[PDB]
$ cat model_31.cif   # mmCIF, C-alpha atoms
data_start
#
loop_
_atom_site.group_PDB
_atom_site.id
_atom_site.type_symbol
_atom_site.label_atom_id
_atom_site.label_comp_id
_atom_site.auth_asym_id
_atom_site.auth_seq_id
_atom_site.Cartn_x
_atom_site.Cartn_y
_atom_site.Cartn_z
ATOM 1 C CA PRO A 1 -16.149 7.103 3.714
ATOM 2 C CA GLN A 2 -17.073 8.209 0.224
ATOM 3 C CA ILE A 3 -14.437 7.141 -2.310
ATOM 4 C CA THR A 4 -14.358 8.777 -5.732
ATOM 5 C CA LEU A 5 -13.059 6.757 -8.643
ATOM 6 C CA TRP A 6 -10.616 9.114 -10.410
ATOM 7 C CA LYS A 7 -7.990 6.737 -9.026
ATOM 8 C CA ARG A 8 -7.919 2.988 -8.457
ATOM 9 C CA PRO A 9 -9.669 2.452 -5.071
ATOM 10 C CA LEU A 10 -6.748 0.952 -3.167
ATOM 11 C CA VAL A 11 -6.952 0.493 0.593
ATOM 12 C CA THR A 12 -5.048 -1.195 3.384
ATOM 13 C CA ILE A 13 -6.094 -4.595 4.583
ATOM 14 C CA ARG A 14 -4.831 -6.701 7.407
ATOM 15 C CA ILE A 15 -4.797 -10.444 7.118
ATOM 16 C CA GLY A 16 -2.744 -13.157 8.780
ATOM 17 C CA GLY A 17 -0.881 -10.510 10.819
ATOM 18 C CA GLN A 18 0.225 -8.850 7.540
ATOM 19 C CA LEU A 19 -0.704 -5.444 6.156
ATOM 20 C CA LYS A 20 -1.449 -5.383 2.430
ATOM 21 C CA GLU A 21 -2.699 -3.014 -0.228
ATOM 22 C CA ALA A 22 -5.871 -4.086 -2.055
ATOM 23 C CA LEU A 23 -8.389 -2.978 -4.637
ATOM 24 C CA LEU A 24 -12.070 -2.444 -3.840
ATOM 25 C CA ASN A 25 -13.673 -4.330 -6.661
ATOM 26 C CA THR A 26 -17.364 -4.299 -7.391
ATOM 27 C CA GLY A 27 -16.623 -6.359 -10.537
ATOM 28 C CA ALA A 28 -15.334 -9.323 -8.558
ATOM 29 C CA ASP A 29 -17.635 -11.900 -6.931
ATOM 30 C CA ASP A 30 -14.772 -13.032 -4.707
ATOM 31 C CA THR A 31 -11.798 -11.763 -2.806
ATOM 32 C CA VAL A 32 -8.496 -12.920 -4.255
ATOM 33 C CA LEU A 33 -5.034 -12.229 -2.974
ATOM 34 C CA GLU A 34 -1.515 -12.755 -4.263
ATOM 35 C CA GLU A 35 0.412 -15.819 -3.138
ATOM 36 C CA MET A 36 0.580 -16.130 0.619
ATOM 37 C CA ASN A 37 0.139 -18.645 3.403
ATOM 38 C CA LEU A 38 -3.047 -18.942 5.390
ATOM 39 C CA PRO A 39 -3.781 -21.445 8.138
ATOM 40 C CA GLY A 40 -6.120 -24.401 7.950
ATOM 41 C CA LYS A 41 -7.743 -26.427 5.187
ATOM 42 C CA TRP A 42 -8.370 -25.200 1.672
ATOM 43 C CA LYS A 43 -9.948 -26.372 -1.513
ATOM 44 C CA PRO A 44 -8.835 -25.816 -5.096
ATOM 45 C CA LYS A 45 -10.995 -23.523 -7.260
ATOM 46 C CA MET A 46 -10.897 -21.931 -10.692
ATOM 47 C CA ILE A 47 -11.942 -18.332 -11.134
ATOM 48 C CA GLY A 48 -12.362 -16.393 -14.353
ATOM 49 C CA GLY A 49 -11.531 -12.856 -15.388
ATOM 50 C CA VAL A 50 -11.205 -10.667 -18.457
ATOM 51 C CA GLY A 51 -8.376 -12.625 -20.075
ATOM 52 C CA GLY A 52 -9.246 -16.191 -18.952
ATOM 53 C CA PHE A 53 -9.052 -18.364 -15.816
ATOM 54 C CA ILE A 54 -6.703 -18.991 -12.930
ATOM 55 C CA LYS A 55 -6.517 -21.681 -10.304
ATOM 56 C CA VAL A 56 -6.689 -20.566 -6.699
ATOM 57 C CA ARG A 57 -6.747 -21.963 -3.137
ATOM 58 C CA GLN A 58 -10.013 -21.374 -1.317
ATOM 59 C CA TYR A 59 -9.845 -20.654 2.409
ATOM 60 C CA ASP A 60 -13.049 -20.254 4.420
ATOM 61 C CA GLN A 61 -13.865 -18.114 7.451
ATOM 62 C CA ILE A 62 -10.622 -16.151 7.343
ATOM 63 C CA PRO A 63 -10.618 -13.013 9.536
ATOM 64 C CA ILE A 64 -9.645 -9.904 7.586
ATOM 65 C CA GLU A 65 -9.657 -6.159 8.403
ATOM 66 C CA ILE A 66 -10.623 -3.673 5.658
ATOM 67 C CA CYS A 67 -10.565 0.076 6.442
ATOM 68 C CA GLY A 68 -11.142 -0.548 10.103
ATOM 69 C CA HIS A 69 -13.874 -3.133 9.452
ATOM 70 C CA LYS A 70 -13.149 -6.442 11.153
ATOM 71 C CA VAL A 71 -14.824 -9.099 9.035
ATOM 72 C CA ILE A 72 -14.620 -12.821 8.259
ATOM 73 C CA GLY A 73 -15.026 -14.641 4.991
ATOM 74 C CA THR A 74 -13.767 -16.654 2.104
ATOM 75 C CA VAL A 75 -10.361 -15.708 0.742
ATOM 76 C CA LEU A 76 -8.885 -17.015 -2.498
ATOM 77 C CA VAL A 77 -5.123 -17.240 -2.942
ATOM 78 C CA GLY A 78 -3.406 -17.356 -6.339
ATOM 79 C CA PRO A 79 -1.758 -15.470 -9.208
ATOM 80 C CA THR A 80 -3.929 -12.361 -9.372
ATOM 81 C CA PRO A 81 -1.768 -9.381 -10.415
ATOM 82 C CA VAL A 82 -3.469 -7.213 -7.774
ATOM 83 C CA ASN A 83 -4.951 -7.994 -4.375
ATOM 84 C CA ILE A 84 -8.733 -7.783 -4.884
ATOM 85 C CA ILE A 85 -11.581 -7.216 -2.376
ATOM 86 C CA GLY A 86 -14.751 -8.652 -3.910
ATOM 87 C CA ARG A 87 -18.505 -8.501 -3.225
ATOM 88 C CA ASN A 88 -18.342 -11.244 -0.588
ATOM 89 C CA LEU A 89 -16.486 -8.826 1.725
ATOM 90 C CA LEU A 90 -17.748 -5.513 0.325
ATOM 91 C CA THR A 91 -21.269 -6.433 1.455
ATOM 92 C CA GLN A 92 -19.872 -7.218 4.870
ATOM 93 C CA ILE A 93 -18.587 -3.661 5.216
ATOM 94 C CA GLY A 94 -21.908 -2.139 3.982
ATOM 95 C CA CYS A 95 -20.351 -0.900 0.753
ATOM 96 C CA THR A 96 -22.699 0.491 -1.917
ATOM 97 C CA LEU A 97 -22.255 2.208 -5.299
ATOM 98 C CA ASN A 98 -23.902 5.606 -5.228
ATOM 99 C CA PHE A 99 -24.785 8.108 -7.977
ATOM 100 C CA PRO B 1 -29.578 5.807 -6.415
ATOM 101 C CA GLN B 2 -27.602 3.436 -4.202
ATOM 102 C CA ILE B 3 -26.768 -0.032 -5.503
ATOM 103 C CA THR B 4 -26.001 -2.844 -3.059
ATOM 104 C CA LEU B 5 -23.582 -5.697 -3.780
ATOM 105 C CA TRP B 6 -25.414 -8.892 -2.743
ATOM 106 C CA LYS B 7 -25.682 -9.484 -6.462
ATOM 107 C CA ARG B 8 -23.627 -8.368 -9.423
ATOM 108 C CA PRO B 9 -24.213 -4.652 -9.935
ATOM 109 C CA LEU B 10 -25.585 -5.074 -13.486
ATOM 110 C CA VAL B 11 -27.361 -2.159 -15.156
ATOM 111 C CA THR B 12 -29.039 -1.433 -18.451
ATOM 112 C CA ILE B 13 -27.060 0.657 -20.886
ATOM 113 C CA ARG B 14 -27.851 1.962 -24.337
ATOM 114 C CA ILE B 15 -25.127 2.231 -26.962
ATOM 115 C CA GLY B 16 -25.532 2.488 -30.738
ATOM 116 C CA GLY B 17 -29.224 2.704 -29.851
ATOM 117 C CA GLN B 18 -28.972 -0.907 -28.588
ATOM 118 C CA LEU B 19 -29.895 -1.933 -25.029
ATOM 119 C CA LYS B 20 -27.504 -4.219 -23.123
ATOM 120 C CA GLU B 21 -26.703 -5.315 -19.544
ATOM 121 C CA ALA B 22 -23.308 -4.225 -18.178
ATOM 122 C CA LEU B 23 -21.392 -4.558 -14.919
ATOM 123 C CA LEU B 24 -20.457 -1.533 -12.777
ATOM 124 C CA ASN B 25 -16.870 -2.421 -12.172
ATOM 125 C CA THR B 26 -14.707 -0.327 -9.818
ATOM 126 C CA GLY B 27 -11.829 -2.760 -10.480
ATOM 127 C CA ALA B 28 -11.644 -1.757 -14.151
ATOM 128 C CA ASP B 29 -9.849 1.362 -15.385
ATOM 129 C CA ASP B 30 -11.664 1.099 -18.714
ATOM 130 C CA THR B 31 -15.038 0.186 -20.232
ATOM 131 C CA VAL B 32 -15.069 -2.969 -22.384
ATOM 132 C CA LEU B 33 -17.973 -4.464 -24.238
ATOM 133 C CA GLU B 34 -18.498 -7.774 -25.937
ATOM 134 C CA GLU B 35 -17.933 -7.975 -29.664
ATOM 135 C CA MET B 36 -20.131 -5.462 -31.462
ATOM 136 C CA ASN B 37 -20.060 -2.743 -34.088
ATOM 137 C CA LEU B 38 -19.295 0.856 -33.382
ATOM 138 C CA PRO B 39 -18.756 3.582 -35.954
ATOM 139 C CA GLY B 40 -15.560 5.466 -36.677
ATOM 140 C CA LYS B 41 -11.817 5.035 -36.343
ATOM 141 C CA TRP B 42 -10.445 2.679 -33.754
ATOM 142 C CA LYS B 43 -7.074 1.451 -32.617
ATOM 143 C CA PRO B 44 -5.943 -1.815 -31.119
ATOM 144 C CA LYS B 45 -5.173 -2.138 -27.418
ATOM 145 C CA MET B 46 -4.231 -4.895 -25.012
ATOM 146 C CA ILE B 47 -6.011 -5.035 -21.692
ATOM 147 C CA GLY B 48 -5.351 -7.412 -18.927
ATOM 148 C CA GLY B 49 -7.009 -8.712 -15.844
ATOM 149 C CA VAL B 50 -7.122 -11.863 -13.794
ATOM 150 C CA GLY B 51 -5.704 -14.602 -16.002
ATOM 151 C CA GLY B 52 -4.061 -12.599 -18.803
ATOM 152 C CA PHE B 53 -4.762 -10.159 -21.612
ATOM 153 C CA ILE B 54 -7.147 -9.722 -24.474
ATOM 154 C CA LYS B 55 -6.832 -7.698 -27.629
ATOM 155 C CA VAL B 56 -9.566 -5.049 -28.080
ATOM 156 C CA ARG B 57 -10.519 -2.182 -30.372
ATOM 157 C CA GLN B 58 -10.467 1.259 -28.769
ATOM 158 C CA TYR B 59 -13.226 3.596 -29.944
ATOM 159 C CA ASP B 60 -13.222 7.247 -28.647
ATOM 160 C CA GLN B 61 -15.932 9.822 -28.105
ATOM 161 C CA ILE B 62 -18.728 7.240 -28.102
ATOM 162 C CA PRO B 63 -22.128 8.139 -26.637
ATOM 163 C CA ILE B 64 -23.445 5.674 -24.062
ATOM 164 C CA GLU B 65 -26.332 5.927 -21.644
ATOM 165 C CA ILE B 66 -25.728 4.305 -18.239
ATOM 166 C CA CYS B 67 -28.742 3.860 -15.962
ATOM 167 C CA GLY B 68 -30.285 7.026 -17.477
ATOM 168 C CA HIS B 69 -27.104 9.152 -17.444
ATOM 169 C CA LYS B 70 -25.906 10.120 -20.907
ATOM 170 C CA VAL B 71 -22.144 10.360 -21.215
ATOM 171 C CA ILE B 72 -19.537 10.270 -23.959
ATOM 172 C CA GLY B 73 -16.197 8.588 -23.700
ATOM 173 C CA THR B 74 -13.875 5.831 -24.629
ATOM 174 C CA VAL B 75 -15.288 2.412 -25.197
ATOM 175 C CA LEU B 76 -13.316 -0.757 -25.841
ATOM 176 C CA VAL B 77 -14.700 -3.696 -27.769
ATOM 177 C CA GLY B 78 -13.459 -7.276 -27.693
ATOM 178 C CA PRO B 79 -13.774 -10.776 -26.218
ATOM 179 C CA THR B 80 -14.623 -9.850 -22.622
ATOM 180 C CA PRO B 81 -16.830 -12.476 -20.925
ATOM 181 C CA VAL B 82 -19.157 -9.663 -19.819
ATOM 182 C CA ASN B 83 -19.985 -6.057 -20.551
ATOM 183 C CA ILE B 84 -17.966 -3.920 -18.165
ATOM 184 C CA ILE B 85 -18.420 -0.282 -17.136
ATOM 185 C CA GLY B 86 -15.078 0.961 -15.886
ATOM 186 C CA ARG B 87 -13.788 3.969 -13.926
ATOM 187 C CA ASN B 88 -13.410 6.139 -17.053
ATOM 188 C CA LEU B 89 -17.240 6.260 -17.239
ATOM 189 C CA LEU B 90 -18.161 5.627 -13.563
ATOM 190 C CA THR B 91 -16.549 9.007 -12.793
ATOM 191 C CA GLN B 92 -18.598 10.699 -15.558
ATOM 192 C CA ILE B 93 -21.939 9.653 -14.000
ATOM 193 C CA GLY B 94 -20.721 10.712 -10.490
ATOM 194 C CA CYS B 95 -20.573 7.182 -9.147
ATOM 195 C CA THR B 96 -18.789 6.728 -5.798
ATOM 196 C CA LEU B 97 -18.076 3.874 -3.389
ATOM 197 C CA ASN B 98 -19.621 4.449 0.008
ATOM 198 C CA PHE B 99 -19.351 2.623 3.332
ATOM 199 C CA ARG C 1 -0.047 -3.024 -16.888
ATOM 200 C CA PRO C 2 -3.086 -5.118 -16.076
ATOM 201 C CA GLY C 3 -6.071 -2.760 -15.477
ATOM 202 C CA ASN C 4 -9.355 -4.659 -15.787
ATOM 203 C CA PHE C 5 -9.937 -6.929 -12.829
ATOM 204 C CA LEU C 6 -13.351 -8.515 -13.453
ATOM 205 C CA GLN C 7 -13.564 -11.716 -11.477
ATOM 206 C CA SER C 8 -16.048 -14.503 -11.956
ATOM 207 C CA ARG C 9 -16.881 -17.442 -9.701
ATOM 208 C CA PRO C 10 -17.961 -19.586 -12.734
#
$ encode --input "model_31.cif" --output "structure tokens"
Amino acid sequence: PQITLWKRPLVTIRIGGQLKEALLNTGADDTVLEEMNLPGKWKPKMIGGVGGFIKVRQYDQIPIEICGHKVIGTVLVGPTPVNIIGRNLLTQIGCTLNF
Amino acid sequence: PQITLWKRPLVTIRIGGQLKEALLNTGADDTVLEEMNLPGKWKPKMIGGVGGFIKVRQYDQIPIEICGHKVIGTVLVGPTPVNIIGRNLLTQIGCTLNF
Amino acid sequence: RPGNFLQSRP
């Protein structure tokens, strides 16, 4: 699809048998989601944003569905105020910025 | 053109007749630039992201050229880690997300 | 509300 940006680009994702709303975010290197449980090992990480840094849990090779794209990648879990889909998954769905 | 997301979608912009690199950021409602001078009246605003808020100066009706497209709009200035082009201007150059 | 979601892997 072509998504115009008059609104926040929020879409449905499916992860860990849960449906969630998330933000398609070209300004994020990584995908970060609000507090949740994922299976398997993780490693602590710090990520930075506009107003400073937060600590997150890094989970690798997590399957996630984004607008009917079934993909697999790294998912960060921590106190982001909005679920964020970053470049690591946007590339996986063939997402480009066009003008 | 069509910009891929393997790397940060950074572009050259010209503002106050100064050339800078800025990030095309679909996860930002607004455009915020690192500390600089802009002419005219401004008012203070808080903006927040991952990890909290920063205080910025809101300047309106500011000309800015983004990858060769000349637009005029609201530009925020403050302690952002990077120059950010937000949806308020992305929409003005006809930028869409496409997959 | 928060509205600028830049995110950096440092």
$ closest_residue --input "model_31.cif" --among "A:38, A:82, A:62, A:24" --to "residue 50 (chain B)" --atoms "all atoms listed in the file"
A:82
$ closest_atom_pairs --input "model_31.cif" --of "region 25-82 of chain B" --to "chain C" --cutoff "12 Å" --atoms "only C-alpha atoms" --output "CSV"
residue,atom,partner,partner_atom,distance
B:25,CA,C:6,CA,7.2
B:26,CA,C:5,CA,8.7
B:27,CA,C:5,CA,5.1
B:28,CA,C:4,CA,4.0
B:29,CA,C:3,CA,5.6
B:30,CA,C:4,CA,6.9
B:31,CA,C:4,CA,8.7
B:32,CA,C:4,CA,8.9
B:45,CA,C:1,CA,11.7
B:46,CA,C:2,CA,9.0
B:47,CA,C:2,CA,6.3
B:48,CA,C:2,CA,4.3
B:49,CA,C:5,CA,4.6
B:50,CA,C:5,CA,5.8
B:51,CA,C:5,CA,9.3
B:52,CA,C:2,CA,8.0
B:53,CA,C:2,CA,7.7
B:54,CA,C:4,CA,10.3
B:76,CA,C:4,CA,11.5
B:80,CA,C:6,CA,9.4
B:81,CA,C:6,CA,9.1
B:82,CA,C:6,CA,8.7
$ calpha_fit_and_write --input "model_31.cif" --fixed "chain B" --moving "chain A" --output "PDB file with C-alpha atoms, in the frame of the given file"
ATOM      1  CA  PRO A   1     -29.341   5.357  -6.508  1.00  0.00           C
ATOM      2  CA  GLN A   2     -27.620   3.351  -3.812  1.00  0.00           C
ATOM      3  CA  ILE A   3     -26.706  -0.134  -5.051  1.00  0.00           C
ATOM      4  CA  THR A   4     -25.854  -2.849  -2.542  1.00  0.00           C
ATOM      5  CA  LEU A   5     -23.453  -5.562  -3.600  1.00  0.00           C
ATOM      6  CA  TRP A   6     -25.161  -8.809  -2.509  1.00  0.00           C
ATOM      7  CA  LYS A   7     -25.635  -9.313  -6.248  1.00  0.00           C
ATOM      8  CA  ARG A   8     -23.512  -8.469  -9.275  1.00  0.00           C
ATOM      9  CA  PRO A   9     -24.276  -4.775 -10.041  1.00  0.00           C
ATOM     10  CA  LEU A  10     -25.773  -5.223 -13.500  1.00  0.00           C
ATOM     11  CA  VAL A  11     -27.541  -2.332 -15.206  1.00  0.00           C
ATOM     12  CA  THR A  12     -28.940  -1.423 -18.594  1.00  0.00           C
ATOM     13  CA  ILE A  13     -26.879   0.594 -20.998  1.00  0.00           C
ATOM     14  CA  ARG A  14     -27.714   2.021 -24.355  1.00  0.00           C
ATOM     15  CA  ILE A  15     -25.081   2.275 -27.019  1.00  0.00           C
ATOM     16  CA  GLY A  16     -25.220   2.407 -30.801  1.00  0.00           C
ATOM     17  CA  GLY A  17     -29.040   2.245 -30.675  1.00  0.00           C
ATOM     18  CA  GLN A  18     -28.776  -1.076 -28.769  1.00  0.00           C
ATOM     19  CA  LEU A  19     -29.793  -1.870 -25.203  1.00  0.00           C
ATOM     20  CA  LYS A  20     -27.328  -4.033 -23.283  1.00  0.00           C
ATOM     21  CA  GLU A  21     -26.769  -5.384 -19.804  1.00  0.00           C
ATOM     22  CA  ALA A  22     -23.492  -4.376 -18.134  1.00  0.00           C
ATOM     23  CA  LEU A  23     -21.536  -4.639 -14.918  1.00  0.00           C
ATOM     24  CA  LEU A  24     -20.595  -1.612 -12.816  1.00  0.00           C
ATOM     25  CA  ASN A  25     -16.953  -2.286 -12.216  1.00  0.00           C
ATOM     26  CA  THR A  26     -14.792  -0.280  -9.878  1.00  0.00           C
ATOM     27  CA  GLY A  27     -11.964  -2.773 -10.566  1.00  0.00           C
ATOM     28  CA  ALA A  28     -11.755  -1.857 -14.238  1.00  0.00           C
ATOM     29  CA  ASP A  29      -9.888   1.220 -15.514  1.00  0.00           C
ATOM     30  CA  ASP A  30     -11.786   0.994 -18.796  1.00  0.00           C
ATOM     31  CA  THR A  31     -15.142   0.149 -20.242  1.00  0.00           C
ATOM     32  CA  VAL A  32     -15.113  -3.005 -22.339  1.00  0.00           C
ATOM     33  CA  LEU A  33     -17.960  -4.553 -24.235  1.00  0.00           C
ATOM     34  CA  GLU A  34     -18.545  -7.823 -26.049  1.00  0.00           C
ATOM     35  CA  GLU A  35     -18.081  -7.943 -29.809  1.00  0.00           C
ATOM     36  CA  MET A  36     -20.123  -5.330 -31.608  1.00  0.00           C
ATOM     37  CA  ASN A  37     -19.852  -2.709 -34.315  1.00  0.00           C
ATOM     38  CA  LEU A  38     -19.283   0.938 -33.566  1.00  0.00           C
ATOM     39  CA  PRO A  39     -18.859   3.733 -36.089  1.00  0.00           C
ATOM     40  CA  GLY A  40     -15.676   5.587 -36.909  1.00  0.00           C
ATOM     41  CA  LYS A  41     -11.964   4.985 -36.424  1.00  0.00           C
ATOM     42  CA  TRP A  42     -10.450   2.741 -33.793  1.00  0.00           C
ATOM     43  CA  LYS A  43      -7.083   1.697 -32.537  1.00  0.00           C
ATOM     44  CA  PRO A  44      -5.914  -1.704 -31.329  1.00  0.00           C
ATOM     45  CA  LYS A  45      -5.156  -2.067 -27.601  1.00  0.00           C
ATOM     46  CA  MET A  46      -4.278  -4.797 -25.131  1.00  0.00           C
ATOM     47  CA  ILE A  47      -5.911  -4.862 -21.730  1.00  0.00           C
ATOM     48  CA  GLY A  48      -5.139  -7.129 -18.803  1.00  0.00           C
ATOM     49  CA  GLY A  49      -7.283  -8.898 -16.245  1.00  0.00           C
ATOM     50  CA  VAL A  50      -7.119 -11.601 -13.603  1.00  0.00           C
ATOM     51  CA  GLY A  51      -6.235 -14.447 -15.964  1.00  0.00           C
ATOM     52  CA  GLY A  52      -4.104 -12.585 -18.557  1.00  0.00           C
ATOM     53  CA  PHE A  53      -4.566 -10.192 -21.499  1.00  0.00           C
ATOM     54  CA  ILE A  54      -6.935  -9.657 -24.387  1.00  0.00           C
ATOM     55  CA  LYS A  55      -6.755  -7.557 -27.505  1.00  0.00           C
ATOM     56  CA  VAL A  56      -9.493  -5.004 -28.007  1.00  0.00           C
ATOM     57  CA  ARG A  57     -10.595  -2.234 -30.406  1.00  0.00           C
ATOM     58  CA  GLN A  58     -10.479   1.234 -28.894  1.00  0.00           C
ATOM     59  CA  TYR A  59     -13.187   3.692 -29.921  1.00  0.00           C
ATOM     60  CA  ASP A  60     -13.086   7.279 -28.657  1.00  0.00           C
ATOM     61  CA  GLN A  61     -15.865   9.731 -27.823  1.00  0.00           C
ATOM     62  CA  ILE A  62     -18.650   7.173 -28.115  1.00  0.00           C
ATOM     63  CA  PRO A  63     -21.998   8.334 -26.667  1.00  0.00           C
ATOM     64  CA  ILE A  64     -23.399   5.868 -24.142  1.00  0.00           C
ATOM     65  CA  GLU A  65     -26.348   5.975 -21.696  1.00  0.00           C
ATOM     66  CA  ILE A  66     -25.952   4.352 -18.253  1.00  0.00           C
ATOM     67  CA  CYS A  67     -28.918   4.388 -15.829  1.00  0.00           C
ATOM     68  CA  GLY A  68     -30.342   7.485 -17.412  1.00  0.00           C
ATOM     69  CA  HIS A  69     -26.950   9.228 -17.561  1.00  0.00           C
ATOM     70  CA  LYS A  70     -26.083  10.377 -21.068  1.00  0.00           C
ATOM     71  CA  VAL A  71     -22.300  10.355 -21.274  1.00  0.00           C
ATOM     72  CA  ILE A  72     -19.481  10.141 -23.824  1.00  0.00           C
ATOM     73  CA  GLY A  73     -16.195   8.317 -23.658  1.00  0.00           C
ATOM     74  CA  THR A  74     -13.794   5.647 -24.698  1.00  0.00           C
ATOM     75  CA  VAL A  75     -15.259   2.213 -25.335  1.00  0.00           C
ATOM     76  CA  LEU A  76     -13.226  -0.950 -25.835  1.00  0.00           C
ATOM     77  CA  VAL A  77     -14.614  -3.820 -27.893  1.00  0.00           C
ATOM     78  CA  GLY A  78     -13.395  -7.415 -27.586  1.00  0.00           C
ATOM     79  CA  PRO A  79     -13.775 -10.844 -25.972  1.00  0.00           C
ATOM     80  CA  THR A  80     -14.707  -9.874 -22.423  1.00  0.00           C
ATOM     81  CA  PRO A  81     -17.111 -12.489 -21.003  1.00  0.00           C
ATOM     82  CA  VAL A  82     -19.262  -9.713 -19.509  1.00  0.00           C
ATOM     83  CA  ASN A  83     -20.000  -6.162 -20.607  1.00  0.00           C
ATOM     84  CA  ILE A  84     -18.043  -3.958 -18.174  1.00  0.00           C
ATOM     85  CA  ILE A  85     -18.509  -0.282 -17.178  1.00  0.00           C
ATOM     86  CA  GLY A  86     -15.160   0.982 -15.892  1.00  0.00           C
ATOM     87  CA  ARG A  87     -13.866   4.029 -13.988  1.00  0.00           C
ATOM     88  CA  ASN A  88     -13.647   6.160 -17.137  1.00  0.00           C
ATOM     89  CA  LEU A  89     -17.470   6.228 -17.284  1.00  0.00           C
ATOM     90  CA  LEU A  90     -18.257   5.663 -13.597  1.00  0.00           C
ATOM     91  CA  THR A  91     -16.621   9.008 -12.786  1.00  0.00           C
ATOM     92  CA  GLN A  92     -18.737  10.595 -15.475  1.00  0.00           C
ATOM     93  CA  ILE A  93     -21.908   9.500 -13.695  1.00  0.00           C
ATOM     94  CA  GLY A  94     -20.622  10.699 -10.263  1.00  0.00           C
ATOM     95  CA  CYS A  95     -20.323   7.159  -8.935  1.00  0.00           C
ATOM     96  CA  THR A  96     -18.585   6.679  -5.569  1.00  0.00           C
ATOM     97  CA  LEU A  97     -17.983   3.732  -3.217  1.00  0.00           C
ATOM     98  CA  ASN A  98     -19.492   4.473   0.165  1.00  0.00           C
ATOM     99  CA  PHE A  99     -19.144   2.787   3.576  1.00  0.00           C
TER     100      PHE A  99
END
$ resolve_selection --input "model_31.cif" --expression "the PyMOL selection byres ((chain A and resi 17) around 12)" --output "ChimeraX atom specification"
/A:13-16,18-20,36-39,62-65
$ atom_distance --input "model_31.cif" --atom1 "CA of residue 34 (chain B)" --atom2 "CA of residue 58 (chain A)"
29.4 Å
$ closest_residue --input "model_31.cif" --among "A:71, A:7, A:93, A:60" --to "chain C" --atoms "only C-alpha atoms"
A:7
$ atom_distance --input "model_31.cif" --atom1 "CA of residue 91 (chain B)" --atom2 "CA of residue 89 (chain A)"
23.0 Å
$ resolve_selection --input "model_31.cif" --expression "the PyMOL selection byres ((chain A and resi 94) around 12)" --output "ChimeraX atom specification"
/A:1,66-67,69,71,87-93,95-97 /B:2-6,97-99
